[PDB]
Structure formats: structure tokens, C-alpha cells
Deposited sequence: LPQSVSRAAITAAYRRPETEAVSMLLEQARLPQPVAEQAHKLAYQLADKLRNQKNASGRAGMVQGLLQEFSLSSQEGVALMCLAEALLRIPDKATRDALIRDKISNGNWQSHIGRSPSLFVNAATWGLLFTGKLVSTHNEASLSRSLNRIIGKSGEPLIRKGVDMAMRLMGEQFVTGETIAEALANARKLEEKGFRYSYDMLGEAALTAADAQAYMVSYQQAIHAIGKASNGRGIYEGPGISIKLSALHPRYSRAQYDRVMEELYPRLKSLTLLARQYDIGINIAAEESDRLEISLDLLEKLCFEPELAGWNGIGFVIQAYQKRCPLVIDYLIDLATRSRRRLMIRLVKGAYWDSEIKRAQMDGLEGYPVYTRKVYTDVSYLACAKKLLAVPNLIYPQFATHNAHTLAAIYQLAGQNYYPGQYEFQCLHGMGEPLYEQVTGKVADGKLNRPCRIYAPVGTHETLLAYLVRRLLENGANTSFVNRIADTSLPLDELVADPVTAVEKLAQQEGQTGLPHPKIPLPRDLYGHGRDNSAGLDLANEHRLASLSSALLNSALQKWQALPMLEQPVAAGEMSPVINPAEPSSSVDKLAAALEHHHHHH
């Protein structure tokens, strides 16, 4: 039989969405004054983001000339090209007297393409995929080796940023692959630990590890072999992190691995060599219905094992695959929400739960969403101290938002720390991570995609998720209905 908290997790696995969302709503609701402050801050963060290099203000003036003379796009553009040519006349007197969407962006590296594609064509296609992967993935990778990544840390660390490094690579298929990942992780801990040089788990850099890298065919692995084989590896790495006093974070992956990951964490927290050390980190995904129940479990685990757990709250990286897997298994429901706004509500409710127990949990709020960030900033309350919480972001996505956050108040920043997640590796380790970033950046529901859509007003972009849910409820007839285009698997 399971403990009370473990049993509650299991029972919530595929809770009906009407139920799960209805339950979260009042825990996610910000009191009116807090809601108002969160809105104003979110608005201001998002405004600066958009209007970097005057993107919006330039977009204005354009529309005016593109009307005050009655013209279309190509009309205005043509008029600019001439104006530019006229502006290149040195002397004023002389002047006065006179599938293939991002094909454009792809061209700067260099309907008729459709024929070229049909023509030019599998070893080609496989080669095309590999190079496109590298080209797009570059912006998300901090270095090829941990040494290169680390030798790059000073610039942002001196501004108050922190790092968590990820030696890319996951889902080991063979015993040999898992062993190689083990060696890579170990190597990385030695390097990060030496660089950290005693700065500790808060100020100093840490590492993020995927359990799927450390065990062959983890996706279908049984408890008995995971404990016999994976656990000693997890323990070994964590002991080494502890010797260097750096944080070590256990990544959250597919939802059917949540249970085994909790079993591993439970065992890890009771190792004698880790007594009194608070550097163990664990990620939880707010897009899961189980998330708040996992928090209750974690709170009890911190108490029983006598430590402060580092808990990274994220929304989640595997949503597309989760929906697909659930539709294939034909079960009673989904282990994740089907509307993005419900994940947002879940994240806010879970953030409140984490912030309530600062003796037991150090919350690490991973997000690139300006509203989510502003809400957490307000929910954390008055009298911030550095060890209360931190924000986190992915390299290549979070820096512009967080340049308004980490740093001095005198320089116009919020003075809250952000830990940058820093992937390290060569092209052979990049694929899976890059695909997830493509899904994240390309989704019409994602904040980073919406903020780039200048037709979407700021107020809509940073709209309160709880209010959004209640708006849906008033229109649709009940709270927390599933996405209209995502029926239950058995339907």
C-alpha cells in the first residue's frame, strides 16, 4: 500500500479536466490588488520586449504614410526604396531639383521551390534534416564541451545570473550509450564543481541530468532493474555534486515515468552521505493533473528526510507527445491539460503551494512568460531575500525578458536572480532537445510566439489565466471543459 500522499498522486493521474481545473481555480486566483500589480508589471515587461529597437513605434509611422497617401504594402516599400535612393544624393540642391513560409529567412543564409523540391530529391533529405537541425539549434546551445560553456559563464554571472548545465543526450537505447552518458555527466560535475569553487548551491552553477540517459530503454524499464542499475548511478552523481557543493537537478520527462522518478528521489533523499545537504533538485511539470499532488508529496518528503528541496516548477516540454500517446493508449483521459490556459492556472496554483513552505522548498520558477513571471513576483510577497526563490530560463529564449529582471534596481531591474539552463554538446546530441524547442517556439499558444505577433494587443498577451478560464466557463456552460479539438481518447 502507498503512503497517503503517494496514493493521492496516483488517484489524480487522469482526473477529468472539469474537475481538475475547477479545483485549481481559487488557489490560482490573485487577490484584486495583487492581480493589478501583476498586470502592470507584466504589461511593462512585455512592452519593453516588443519595443526593443522601437519595433512597434516604427510600425506605427509606417501605417500613417501607408494611408495618408492611400497605399498598400508594396506601394509604401517601393516609395521607401526611391526615398532611400534620393537620400543618397550628396547635395540637397541636386536632390530637390530632381511549407515555404520562412523561405525568406532561410535565404539570408544564402511556388517554384515546390518544383525544385519535387525535382532535387532520401540521403539528401536525411542530410537536409541534419543541417537544418544544426542551423536552428545553434541559438539554443551554449557550447560543444563543458569547458567551453564554463569559460563563457563570467559575463552573465557577474551581472547576477546563475547557470544549470545540461550535457545533451537522452533516451539511451543500449547499455553502452547509458554508460557513455554516465561518463559525460560525471565529467561535467567535476568541471562545474571546480568552476563553482565553493560558491555553493544557490550562487554557484549546477547540473541538470535526465534519468532516461542513465538507463537503457528507460521508457519501458521495470522498477526492479531501475533500482538495481539506475539508482546506484543517480546516487554516485549526487554524491559527487555534494562533494563540490553544486545543485543537481533531476529532469522531468514523459508522464509515465513520473512514478519511478519519485521512487528514485525517495530513496536518494535518505542516503546518509547526503544528510544535511540541500542540493538535490527535482523538476515538476504543471501541465500534469498530478502536479499539485506531487507537491504535497514533496513537502512531506522534505520534512521526513530533513532537507530543503530545490524544486523547479515548469509547465512542461512534452505536451504534443503526451496527447498523441494518450490517444494511442485509448484510456479514460489525458494526464495533461488540453487547453493551454489550464496549464497556466495550474502553474499559478502550484507556485502558491511552493512559496508557502520556504523552510522545505526552494522554488525555481522556470518561465519565459511575462505574466507568469510578474504573477510569481507578486505572489512571493514583500521582503524578498535571495534564498527565497529564483527564476529560470532556457539559453536562447529567456535572456531579453530576464535582462529586465536580474540586476540592480538602480539600473532599472527587479533585482531577482535567474538561472540560465545551458545545453552543452555537439550535433549528435542536439536532435530531441531542438525538436522540443521548435514545438515550444512555433506553437500559436506559446507566449514567445504570441509576443512576436504585433497584431495581438499587450493586454491580451498578458491576460490573467484565471479570468480567462471564468470567461470560457460563462460562454461554454461549465468550468474546465477540454479543448474542443481534443476529445477524450475513447471518442
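Coordinate coverage of the deposited sequence is interrupted at 1, 100 to 118, 131 to 140, 152 to 155, 526 to 602, where no C-alpha atom was modelled.
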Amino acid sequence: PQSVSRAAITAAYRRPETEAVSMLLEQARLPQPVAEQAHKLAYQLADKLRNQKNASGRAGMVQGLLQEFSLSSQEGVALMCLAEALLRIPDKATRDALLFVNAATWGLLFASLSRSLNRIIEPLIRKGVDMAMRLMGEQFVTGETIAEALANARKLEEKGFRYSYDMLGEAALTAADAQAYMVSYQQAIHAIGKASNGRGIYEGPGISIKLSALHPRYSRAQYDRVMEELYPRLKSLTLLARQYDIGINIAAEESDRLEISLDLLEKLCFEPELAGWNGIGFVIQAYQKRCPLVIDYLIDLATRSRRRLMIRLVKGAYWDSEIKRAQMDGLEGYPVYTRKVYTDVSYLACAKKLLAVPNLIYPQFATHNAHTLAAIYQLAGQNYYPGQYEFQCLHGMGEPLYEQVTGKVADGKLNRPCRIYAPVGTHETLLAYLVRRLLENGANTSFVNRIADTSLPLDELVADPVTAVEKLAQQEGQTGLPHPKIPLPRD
From here on, numbers count along this sequence of modelled residues.
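Mean CA B-factor, 237 to 245 versus 328 to 336: the higher value falls on 328 to 336. Checked against the record, the higher mean CA B factor of 145 to 153 and 375 to 383 lies with 145 to 153. The entry lists C-alpha B-factors for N54, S446, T429, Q37, and the highest of these is at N54. Set against one another, the Cα B-factors of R88, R312, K352, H215 in the record reach their highest point at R88. Remark: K92 belongs to the highest third of its chain, ranked by C-alpha B-factor as recorded. Placement of the Cα temperature factor of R58 within the chain: highest third of the modelled residues, per the deposited record. The deposited CA B-factor of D166 belongs to the lowest third of values across its chain. In the deposited entry, the Cα temperature factor of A191 places it in the middle third of its chain's modelled residues. Among the modelled residues of its chain, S305 has a C-alpha B-factor that falls in the lowest third according to the deposited record.
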